[PDB]
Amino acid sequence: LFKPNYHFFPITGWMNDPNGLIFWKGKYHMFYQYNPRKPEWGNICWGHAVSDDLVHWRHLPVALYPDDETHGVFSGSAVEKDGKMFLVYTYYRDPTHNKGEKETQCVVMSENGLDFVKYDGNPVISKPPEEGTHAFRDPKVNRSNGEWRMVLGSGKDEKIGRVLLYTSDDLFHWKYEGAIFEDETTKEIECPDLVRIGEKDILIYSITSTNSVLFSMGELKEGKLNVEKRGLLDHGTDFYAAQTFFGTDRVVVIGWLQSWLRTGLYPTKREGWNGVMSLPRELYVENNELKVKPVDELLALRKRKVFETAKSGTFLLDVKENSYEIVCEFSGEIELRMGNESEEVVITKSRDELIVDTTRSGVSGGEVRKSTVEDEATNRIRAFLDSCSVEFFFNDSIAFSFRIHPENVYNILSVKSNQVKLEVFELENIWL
């Protein structure tokens, strides 16, 4: 029952962070932290999928394996150089009784996107830059000012999380340019990604203790990010380790649609698998504000319109599965409920605040999350419901993502507002 209709998830075993996101030779490649052995983390490989359109994924062979039973191929990114695909990633060695973990940054190449070959001079970065650095991982490499730039996650002195910057002319030899950013709120920053949108430098990164993806927007000057604006990339309970695609026009992000904090609460394990990826979102800047919306390609999933109303009420939906999109335009306040006789998720706009309640959603319960929002003359909520998730998008600007595990189809919809226009689209199963 819980296998997603239109989100990416592994054929078996455990999946976490998206890796190596790249548009290369006309297709979107997605890799991921993978354990095929069982639906729990360990013995980490890079799984591999591809799509033409960011939506219709096809599984490919596992791309990268650890050399033995005490290593893992941890997170990283992908780049294109001389027409070839390069993956840059953290290679991890287990601690023993006497030694802590060891992390190095390595390179692999592919001419065809199927056969992946190790670079002979690995590791490309053998050690951290300063004493007392840990969580030294997740190289996100991009092109800037005629050079390669890599941002890396780290923590210093078990005290403060920081993003490290290296540069390179060739991808193999890297120069340390210092720590560009730190966050006192955590011991470690994971999965950084440094992007440029319309004259602004935007650093996206993840923090473990809160399972959140944050951004800091401003300008990179003199080896330091000057922050003008900070915020969350997603306001729900299950969005983590976001990464951006190399090689696209738009800034397109995918995150892991799960939380480490809530992982032991989830039931997909009983079906032999764990982990889901988020729908892709476009990041853009308007009126000096970072905004987040669903990627346009998701429109291709719409297979039929099953319901529409221009009035408040409670409605029986002619749907047989939890695989659908709500598009709702409204003025002022709203309460929107989706569910059945025993379960529901509720979203409410009340005055100044958007609030989402998944506590009664299904067999994993849920939580309440809230954000202050700006009113528009017409407000818009777009909701994607799949077998074990709901993702909400408000005014093409803010996103809330949640894992839920309903025991039954959410075939009851109720809306209350003035000037309501609401429609429901059945969404395609991408697998069969």
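Quick note: we count residues from 1 along the sequence shown, nothing fancier.
A summary of the deposited B-factors shows that, of 271-279 and 247-255, the stretch with the larger mean C-alpha value is 247-255. Here the stretch with the larger average CA B-factor, out of 206-214 and 125-133, is 125-133.
Residue set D193, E343, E289, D238: peak C-alpha B-factor at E289 (per PDB entry).
Within the listed group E353, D138, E325, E297, the record reports its top CA B-factor for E353.
Sort the modelled residues of the chain by CA B factor and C45 lands in the lowest third. Annotation for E391: CA B-factor lies in the lowest third of the chain's modelled residues.
In the PDB entry, a CA B factor belonging to the middle third of its chain's modelled residues is recorded for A399. Sort the modelled residues of the chain by CA B factor and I412 lands in the middle third.
In this PDB entry, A78 carries a Cα temperature factor that places it within the lowest third of its chain's modelled residues.
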